[PDB]
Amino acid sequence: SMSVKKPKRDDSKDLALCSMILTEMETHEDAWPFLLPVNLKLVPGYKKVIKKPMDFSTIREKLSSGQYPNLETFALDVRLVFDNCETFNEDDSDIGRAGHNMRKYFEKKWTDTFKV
């Protein structure tokens, strides 16, 4: 509260580390469904069903332009990519399984990087 400061983790490397994690995502074999926005003009239902589209290129642009205030908001957008994928694609379709694979890949990099 006012004048009662809680010790806070050092956040000075967060931008560089989130960029490194995002680069590992972008170069993963199964990143191809997520590198670019889903084409809202070619995919029936997507714009209507998926209220907040998100993809790696948009995350990369936002990271490169100061649009993430903290690392938690970055992880929210990454997770949004895979939540969208799981809403729209069957679990064992190629895109659907890619999404499950990429979520697991991400969460392990996240804990390995930022949990101690």
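Take the two forms, find the largest set of C-alpha atoms that superpose within 1.5 Å, and that set is the rigid core. In case it trips you up, residue 1 is the first one in the sequence shown, and so on.
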Name the stretch, 95-103 or 5-13, whose C-alpha atoms sit farther from the shown form on average in 9 other deposited structures of this protein, taking the rigid core as the superposition reference.
5-13
Which is higher on average in the deposited entry, the C-alpha temperature factors of 86-94 or of 53-61?
86-94
Between 77-85 and 41-49 (mean CA B-factor, as deposited), the higher
41-49
When the deposited Cα B-factors of this chain's modelled residues are ordered and cut into thirds, is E107 in the lowest, the middle or the highest one?
middle
In terms of the chain's CA B-factor thirds, is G66 lowest, middle or highest?
lowest
Please place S12 in the lowest, middle or highest third of its chain by C-alpha B factor as given in the entry.
highest
